[PDB]
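We begin with a single chain expressed as structure tokens, specifically the form deposited in one PDB entry.
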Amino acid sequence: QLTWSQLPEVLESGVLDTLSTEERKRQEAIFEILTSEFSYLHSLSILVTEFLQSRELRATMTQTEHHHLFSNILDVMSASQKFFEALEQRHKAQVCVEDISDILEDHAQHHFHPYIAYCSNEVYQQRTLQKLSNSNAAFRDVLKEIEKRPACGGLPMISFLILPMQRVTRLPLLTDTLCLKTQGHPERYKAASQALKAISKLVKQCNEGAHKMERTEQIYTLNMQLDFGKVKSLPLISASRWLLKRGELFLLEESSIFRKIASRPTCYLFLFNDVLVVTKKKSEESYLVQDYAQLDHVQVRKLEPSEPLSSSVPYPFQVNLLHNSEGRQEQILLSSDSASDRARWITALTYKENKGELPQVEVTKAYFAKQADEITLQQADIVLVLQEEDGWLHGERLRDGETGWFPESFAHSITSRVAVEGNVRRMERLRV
């Protein structure tokens, strides 16, 4: 609640009568890194004390599920603690802090490695929590009782578990502000800028580690679930292959003009960065491959409604395989029941095929990706809008360039020319 300029010691010092507005803002920038770190650290200690160290919660699980659920949270808290303590000694000693950029650079270079492992483990933490929630009744009961405890402040365990990912991606935003408010001081601007590069590099290797682990897990899970038995064999395992989109679509057949909305045939698509696989789903864990084609040899287009003078084919489109699993040509006629669904399929299928002029939007509430083509967004994230369709936006996040779909409901336009131009400049400052 109290800002730096409101602290009793700064008021007592009388420094405000002569302090420049830029040095004031720089002290506020330093202060906000300090208070936001403590608030985060305090939340981590609740996670550790109430969940990680719950004997009763460990008894519902195995040692392997506990490792995947909590990972190296103790190392994350310890690095946060040593970082906060360094900052707090600078704040305690002087009314006006000369600098913290050496602390930021040092810890981002030499002490924040546990963030990389924690972020990289996200896929397994999610799968472990899903399985425990779905199939472990004792876990659900103990978890429910812990969350009623006042110490949790009404928040569920999952919101504590993702705090390190949220924290690390906020440090470059806070360090960038500090750089801006340090421009009046030449040698400390250099140090702040070095700090900005170091922290941005750390966030990058966090982001790359989580992507590698999730893609590796998916390629192995899908290599097992996808049955190539009745088509020419296609090794699905690759160190570079990742899933763009998956989902069920209704099969159309142009030989029928009298289509029904009951017992509609389906197929199930797995679209990877370099290959489209067409399947029929046989169970949750098994899809029988019908055909596939290199993405390079896929074309797509919308199909037109029937000529005049309610359609069982609401939003149809057509996929042409120019060179399918037998080296021959095939077409697939598909229908989704949503306009935005069709648009997302077409966008993913044209994956293979100026930034200051793009519309910008600001995220009003957090959004958590539910599908491979969606993007997880934090409140106040800035997003460059690449496409809009039927309540869904396709955007590039400003801070890191991640791209995906999210509901338009979760953001509001930025129309100010000065803000829009400002966000663009912040973009190269932040990008690696």
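A residue's number is simply how far along the shown sequence it sits, counting from 1.
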| property | result |
| --- | --- |
| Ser310 preceded by how many uncoordinated deposited residues after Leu309 | 4 to 9 |
| Deposited residues lacking coordinates between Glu353 and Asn354 (none, 1 to 3, 4 to 9, 10 or more) | 4 to 9 |
| Between the two ranges 184-192 and 125-133, the one averaging a larger CA B factor in the entry | 184-192 |
| 254-262 versus 139-147 - greater average Cα B-factor per the deposited record | 254-262 |
| Highest-ranked of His42, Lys365, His67, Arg55 once sorted by CA temperature factor in the record | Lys365 |
| Cα B factor band for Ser200 (lowest, middle or highest third within the chain) | middle |
| Assigned third (lowest, middle, highest) for the C-alpha B factor of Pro172 | middle |
| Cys152 by Cα B-factor - lowest, middle or highest third of the modelled chain | middle |
| Cα B factor band for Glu389 (lowest, middle or highest third within the chain) | highest |
| Record-listed C-alpha B factor of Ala93: chain third | highest |
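Below, we refer to the form deposited in another entry, which is not included among the displayed structures.
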| query | finding |
| --- | --- |
| Direction of Cα pair change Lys282-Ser135 in the other entry, magnitude 3 angstroms or more | farther |
| In the other entry, whether the C-alpha atoms of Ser286 and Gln130 sit closer or farther than here (change of 3 Å or more) | farther |
